[PDB]
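[1] let me see the structure of the following:
(one chain, ligands or ions: 2)
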Amino acid sequence: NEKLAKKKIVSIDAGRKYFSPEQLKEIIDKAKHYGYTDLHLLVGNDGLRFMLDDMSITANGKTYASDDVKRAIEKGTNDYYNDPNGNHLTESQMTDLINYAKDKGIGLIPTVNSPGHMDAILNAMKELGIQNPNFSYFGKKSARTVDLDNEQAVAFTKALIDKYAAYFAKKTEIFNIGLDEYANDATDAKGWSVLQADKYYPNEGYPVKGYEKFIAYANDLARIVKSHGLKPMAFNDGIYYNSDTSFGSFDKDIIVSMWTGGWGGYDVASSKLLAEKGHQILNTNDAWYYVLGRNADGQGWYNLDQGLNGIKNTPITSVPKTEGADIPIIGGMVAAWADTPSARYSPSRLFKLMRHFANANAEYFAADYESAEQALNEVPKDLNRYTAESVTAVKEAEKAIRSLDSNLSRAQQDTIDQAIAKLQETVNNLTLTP
Ligand SMILES: [Mg+2]
Ligand SMILES: [Mg+2]
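    Residues are numbered from 1 along each chain as shown. Ligands and ions are numbered 1, 2, ... in the order given. Shown next is the structure:
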């Protein structure tokens, strides 16, 4: 019961790279088939590839017109990557996609990333006329990250998030605000250290109250998301970075997507600390990451063979940086990324990754009843013309399938499959009364 009740999630980076409604429906079909519960769809992640029908934004003592915001976001996303396959999903397409997923028992969790990984939103703000939205580090400007000292940029960004969250209200349950990898380009992946630095190394030109403002920012987004009845989620790396609780406290209602245990000189809070602070944790271990186009050993970090190895060697219960503690989880999430969005999207490669994650953790993933349902639909409805003995065998086989536990895992798939085979055999053995 506890294993099957977990969320099993596939994450798709449709922020950097365009994915069509058809492509996403196919992913949903596979997710359902392999026993997943949710699709985690990034739509704002460097690029921004989801447009509401009304994109008007009220901030900074004015309203930015819907059509101007749309044109700014379309231009801004293209400036990040002009994808020949498409620019954005429309509101009609999103609503249809969520409905399609819901009818299959699949939830959809969107991401609209900030204050990092927001190249397109920063570009859009510049197109609207907002001045100097980008964070800079000793003259090196981040293409991805907003300056938290810029009230006009921050106000616009929050109102944009609010607008998206208002749309997702009722139709989803979780909204990922991201919060990962602050100014990773401009600081050479040391952004959290940079934001915290002025407190400990004053008068050296580090951002004054940098990390303190980030906490306030994260918390305000959490408040905004919660106002819409949605649970806010965020990636772990900036949450109590360096295990430092002295700058302030994060909203406990933020679910933590735990993707990294950190690296040399990038010292993240342990999952133990985060649990102890009151956060629920979604295991998003980057052991399972796949970057499109990096399709085999040697082709770079998060290549497909690496991800498949991570899936074989790091179970769904193994959370980054536990300090040896027992870390409870709300579920697990395997993630595919489009760091190089011009890479060709290969469905079979993604589905292999998804299939392996489900098979490696089979007790956690729901069994497939699709074919059992179909087999029942294919039984002849009227059996009167057949012998009593052959009829009895069919009715017994039918009962046996309807008697199956409706909460079996992938680990018990063969139980379902044998029941299907037995029904098919009994139907084949139906004998006309002589
Ligand atoms: Mg590219
Ligand atoms: Mg492609």
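[2] now the residue of the stretch 201-350 of the chain found nearest ligand 2: closest residue in space that isn't a chain neighbour?
    Residue of the stretch 201-350 of the chain nearest ligand 2, by Cβ to the ion: residue 345 (4.1 Å). Quick note: C-beta positions are derived from backbone N, CA and C, even for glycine. Among residues not flanking residue 345 along the chain, residue 292 sits closest, at 5.8 Å (Cβ to Cβ, 6 or more residues apart in numbering).
[3] what residues does the one you found make contact with?
    17, 336, 337, 338, 339, 340, 341, 343, 344, 345, 346 (Cβ atoms under 8 Å, 6 or more residues apart in numbering).
[4] report the two of those separated the most.
    339 and 346 (15.0 Å; Cβ to Cβ).
[5] higher neighbour count, these two?
    residue 339 (17 against 13; other Cβ atoms under 10 Å).
[6] where's the more buried one relative to ligand 1, distance?
    8 Å (Cβ to the ion, to the nearest Å).
[7] from now on call the first residue 35
    From this message on, residue numbering opens at 35, which makes the last subject residue 373.
[8] does that residue touch residue 50 like I think?
    Yes: Residue 373 is within contact range of residue 50, at 6.8 Å (criterion: Cβ atoms under 8 Å).
[9] quick revisit: against residue 67, how distant is the residue nearest to residue 379?
    Distance from residue 326 to residue 67, counting by Cβ to Cβ, to the nearest Å: 21 Å.
[10] pretty sure residue 109 sits in a helix.
    Yes: under DSSP: H, G, I helix; E, B strand; the rest coil, residue 109 sits within a helix.
[11] can you report how many residues neighbour residue 261?
    Residue 261 has 12 neighbours, counted by other Cβ under 10 Å.
[12] mind listing what residue 99 touches?
    By Cβ under 8 Å, 6+ apart, the contact set of residue 99 is residue 90.
[13] ditto for residue 54
    Residue 54 touches 119, 120, counting by Cβ under 8 Å, 6+ apart.
[14] if we use 10 Å, what do you get?
    Applying Cβ atoms under 10 Å, 6 or more residues apart in numbering to residue 54 gives the contacts 48, 60, 119, 120, 123, 127, 379.
[15] and these as a markdown table, adding secondary structure and neighbour count?
    Output for these, formatted as a markdown table (DSSP: H, G, I helix; E, B strand; the rest coil; neighbours: other Cβ atoms under 10 Å):
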| residue | secondary structure | neighbour count |
| --- | --- | --- |
| 48 | coil | 29 |
| 60 | helix | 15 |
| 119 | coil | 11 |
| 120 | coil | 14 |
| 123 | strand | 22 |
| 127 | helix | 15 |
| 379 | coil | 18 |
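[16] and stretch 403-418, which residues are buried?
    The neighbour-count check on stretch 403-418 (16 or more other Cβ atoms under 10 Å) flags 403, 406, 409, 413, 417 as buried.
[17] go on, stretch 319-327?
    For stretch 319-327, a neighbour-count test (16+ other Cβ under 10 Å) marks 319, 320, 321, 322, 323, 324, 325, 326, 327 as buried.
[18] any idea how far residue 394 is from the third one?
    As judged by Cβ to Cβ, residue 321 and residue 394 stand 11 Å apart.
[19] which neighbours do these two share?
    Each of 344, 345, 346, 347, 348, 349, 368 lies in contact with both residue 321 and residue 394 under the rule Cβ under 10 Å, 6+ apart.
[20] mark which of those residues are buried, thanks.
    Neighbour counting with 16+ other Cβ under 10 Å marks 344, 345, 348, 368 as buried within those.
[21] in the stretch 35-184 of the chain, which spans are strands?
    Applying DSSP state E, counting those that start in this stretch to the stretch 35-184 of the chain gives strands spanning 41-47, 72-79, 81-82, 84-85, 91-93, 96-98, 123-124, 141-148, 168-171, 174-180.
[22] among those, which is the most enclosed?
    strand 81-82 (a mean of 30; mean count of other Cβ atoms under 10 Å).
[23] tell me the residues on the stretch 235-384 of the chain that lie near ligand 1, please.
    374, 376 (Cβ under 5 Å from the ion).
[24] which residues touch the single nearest residue of the stretch 285-434 of the chain relative to ligand 1?
    Nearest to ligand 1 in the stretch 285-434 of the chain, going by Cβ to the ion, is residue 376, at a distance of 3.4 Å. Applying Cβ under 10 Å, 6+ apart, we find residue 376 in contact with 50, 51, 115, 116, 117, 118, 326, 327.
[25] and if we set it to 8 Å?
    Neighbouring residues of residue 376 by Cβ under 8 Å, 6+ apart: residue 115.
[26] secondary structure element for it?
    Residue 376 is part of no helix or strand, with elements assigned from DSSP states H and E.
[27] and the gap between it and residue 213?
    When distance is defined by Cβ to Cβ, residue 376 is 27 Å away from residue 213.
[28] check residue 390 too.
    Relative to residue 213, and taking Cβ to Cβ, residue 390 is found at 29 Å.
[29] what about the two, which has more around it?
    Shown here are residue 390 and residue 213; by other Cβ under 10 Å, residue 213 has more neighbours (28 against 20).
[30] from memory that one sits against residue 268, does it?
    Yes: Residue 213 lies in contact with residue 268 (Cβ under 8 Å); the separation is 4.1 Å.
[31] give the intersection of the neighbour lists for those two.
    Common neighbours of residue 213 and residue 268 (Cβ under 8 Å, 6+ apart) are residue 252.
[32] take the buried residues of stretch 319-327 and keep only those in strands.
    Among the buried residues of stretch 319-327, DSSP state E puts 324, 325 in strands.
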